[PDB]
Amino acid sequence: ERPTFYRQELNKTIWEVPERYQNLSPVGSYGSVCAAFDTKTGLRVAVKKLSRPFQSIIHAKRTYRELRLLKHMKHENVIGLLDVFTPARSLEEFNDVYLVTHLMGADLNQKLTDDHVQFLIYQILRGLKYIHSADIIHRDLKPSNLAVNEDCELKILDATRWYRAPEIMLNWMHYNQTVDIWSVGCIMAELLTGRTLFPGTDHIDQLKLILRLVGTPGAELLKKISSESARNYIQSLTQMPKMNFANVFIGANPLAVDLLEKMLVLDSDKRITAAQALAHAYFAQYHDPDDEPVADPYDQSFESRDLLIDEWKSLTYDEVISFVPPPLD
Ligand SMILES: Nc1ccc2c(NC3CC3)nc(-c3ccccc3)nc2c1
Ligand SMILES: O=C(OCc1ccccc1)c1cccnc1
């Protein structure tokens, strides 16, 4: 049987949650999140109430997508689902979705020491290895999507353009997983210097700042570009030379500089992968081949489906029903 719920009004919204969760306190406003005490585990959790989860086809599918993704993620450097619930007793009543996860400290968004940079980028790459092994691309990696507790343990959660790979800016539709490695490079650079590596004011400025560091594309990359207008734009630009990173990141650990060179390669095909970066010398004190696990296969065949609102809603409901809490250990 389902547990006993209780209503209350927090900020704007009504909140109907199981008695299990106590002392709800707002932490910000996709949906709004409350901090809470979980009486079953004795841990602090974050409860997210999705807003209007089924108000349109796209909302409906987004709701399903988010629930599917969170139910899949089981890795210490990625956000996972402690609980999901609805106060509804039937599919017909069903209109609210709440998700529960570990309350984490602040987000990553100062100049940090080299050992702090090592450990944090290590953990990001370890989560990303896992995510990527599932054929999931994060696409929106940035400091505010990284939660860090006082113990410097990090979990991947969820201007965006500052961390975006140049092939996304240029609107290539066949970009792949290494768009995330680009973002890691921009994050790591920012941690090491205390400044945004590429703080473009728009998408055009963004590219200009990028190419000025990494150089304008050579013939070899230009020959893989299918869009004539895209090729025209970059081919019409002032041909910047690739900068010496050891000069640009003056004083940083030479191994950090070398990893940055391998992450921030213009050509997506020659960018280091998550698994490869983990074996890089910069992470010598943290890397362990037997504790960098891959994920179970993830079925995202639903991404290609076009369904009705009630159908996405019903798929989401099934997923709420089949949820198995993770082991209390
Ligand atoms: N194998 C590849 C590797 C890199 C690529 C890239 N990279 C952009 C220079 C940063 N851009 C594009 C592309 C194609 C059509 C429209 C817009 C962009 N394709 C690429 C194909
Ligand atoms: O804003 C937060 O809640 C987000 C969230 C995301 C997914 C499921 C439940 C809650 C949050 C995340 C990590 C630490 N503290 C709060």
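Residues numbered from 1 in each chain as written, not as in the entry; some residues may be left out. Chains lettered and ligands numbered in written order. Heavy atoms only, no water. Residues with missing side-chain atoms left out of burial classes, pairs and counts.

- Method of determination, as given in the entry header: X-ray crystallography; reported resolution: 2.0000 Å.

1. What about unusual backbone geometry?
- A positive phi angle, near 40°, is found at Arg52, a position not held by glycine.
- Along the polypeptide, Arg52 turns up in the loop between β5 (44-50) and α1 (57-72).
- The class of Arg52 is exposed, set by a relative accessible area of 61%. (Helix = DSSP H or I, 4+ residues; strand = E, 2+ residues; numbered from the N terminus. Buried < 20%, exposed > 50% of the residue type's maximum accessible area, 1.4 Å probe, protein only.)

2. Remarks on the UniProt feature "active site" in the protein
- Following the UniProt record, one finds the feature "active site" at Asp158.
- Within the secondary structure layout, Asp158 lies in the loop between β10 (154-156) and α3 (166-169).
- The residues contacting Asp158, other than those within four sequence positions of it, are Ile79, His138 and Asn145. (UniProt positions renumbered as here; feature names shortened; annotations may be inferred. Contact = heavy atoms within 4.5 Å.)

3. Considering the nonpolar core
- Ranked by size, the top nonpolar core spans 78 residues in total, and within it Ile121, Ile124, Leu125, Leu128, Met188 and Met263 carry the most contacts.
- Looking at this core element by element, the count peaks at 10 residues for helix α4 (residues 179-193).
- Core analysis: the second largest hydrophobic core is formed by 14 residues, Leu10, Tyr21, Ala36 and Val45 among them. (Core = buried A, V, L, I, M, F, W, Y, C linked by side-chain atoms within 4.5 Å.)

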